[PDB]
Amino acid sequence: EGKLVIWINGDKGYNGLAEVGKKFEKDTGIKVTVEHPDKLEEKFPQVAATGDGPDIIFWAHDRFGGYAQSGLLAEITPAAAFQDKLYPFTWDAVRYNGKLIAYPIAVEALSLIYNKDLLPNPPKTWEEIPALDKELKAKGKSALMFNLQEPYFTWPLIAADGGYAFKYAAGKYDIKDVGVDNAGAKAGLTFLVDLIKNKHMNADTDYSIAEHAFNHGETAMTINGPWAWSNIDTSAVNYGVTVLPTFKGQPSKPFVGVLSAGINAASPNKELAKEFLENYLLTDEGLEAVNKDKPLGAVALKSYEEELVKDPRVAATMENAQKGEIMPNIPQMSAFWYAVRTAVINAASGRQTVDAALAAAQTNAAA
């Protein structure tokens, strides 16, 4: 084809990525087109299963194992000198059945974000958030709002006291060893359900409601990632990004996602995609253009991450990532995600008790 088409989410810096694409075009004459369709994680396997779609797709690594089991991603073989420029665990996140299947770009972990003017000393523990909400309610504010509809956002608390997704043993993930209904998950989800019964949170809070509340000074804290920093920046809320609160003395364990660039297996521009990702994007200047447009948070290129970690928001992202767990990439993550999503929302809205919701989600996810 002689052209590069790239798919990346719309909340990321696609204009900066296109600048790296323009420079690639100046050096090679190959036009680079950047698009941000809705539901890429769904659109790509649809269009790529018929042999069509973009050359390069950007998405969290946990989806790519389902891609690779159906042969949608090209295997990459970067030189050892290039692999060393990235943190070794990121390469592990994009390995499927022994093959590297994407290029790591960014390392994502949720953090606590707090309104400095409402709350200059944000709490260190989950346990003290109820009393803090009781206080702020007498002022017409609330302590904490975050997206309860996606289990990615509740997992940090659920996993803190013992919860886990798929156990890693002997170089593989065990489909039958799931930890969503153990004692730590039950205690984590019970705390959240108690927040709702005691009216410190509403069961219908989603991404948009929680973002609008925090960005308009109505709530003192939220839980989000680097993709949300831009909207707070223009909102003129004076905010900080810090370590997630502990639960029962244990750190919150956010899921760690590696934003990664996978090459379509059906692409006829495979070598140009490898050229663009290695020699243009995965450099200090390439990552800077994307990060300048919209912040990536922490990155997998160690040379540029050593520059970004000076930003305390990125430092907090790193610290939360170190306390968290890499998402498995196995295809059963879809049934895992659906199992945990339904259980959390059913417990949050009173449709099921915590024990019943987690037990049934355990059975389905481990099936």
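Residues carry their position along the shown sequence, with the first being 1.
> Using only the Cα atoms and their B-factors as the entry lists them, report which of 334 to 342 and 35 to 43 averages higher.
Stretch with the higher mean C-alpha B-factor: 35 to 43.
> Read off the CA B-factors in the entry, average them over 156 to 164 and over 116 to 124, and name the higher stretch.
Comparing averages over the C-alpha atoms only gives 116 to 124.
> Highest CA temperature factor in the entry: which of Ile209, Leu189, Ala289, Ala109?
Top of the list by C-alpha B-factor: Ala289.
> Considering only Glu305, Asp52, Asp311, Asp62, which residue's Cα atom bears the greatest B-factor as recorded?
The listed residue with the largest C-alpha B-factor is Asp52.
> Would the CA B-factor of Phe82 place it in the lowest, middle or highest third of its chain?
According to the entry, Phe82 has a C-alpha B-factor in the chain's highest third.
> Can you tell me which third, lowest, middle or highest, the CA B-factor of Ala93 falls into for its chain?
Lowest third - that is where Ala93 ends up once the chain's C-alpha B-factors are sorted.
> Looking at the C-alpha B-factor of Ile326, is it in the lowest, middle or highest third of its chain?
Ranked within chain, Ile326 CA B lands in the middle tercile.
> Can you tell me which third, lowest, middle or highest, the CA B-factor of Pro245 falls into for its chain?
Lowest third, going by the recorded CA B-factors of the chain.
> Considering only modelled residues of the same chain, in which third does the CA B-factor of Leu195 rank: lowest, middle or highest?
For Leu195, whose C-alpha B-factor we compare with every modelled residue in the chain, the answer is the lowest third.
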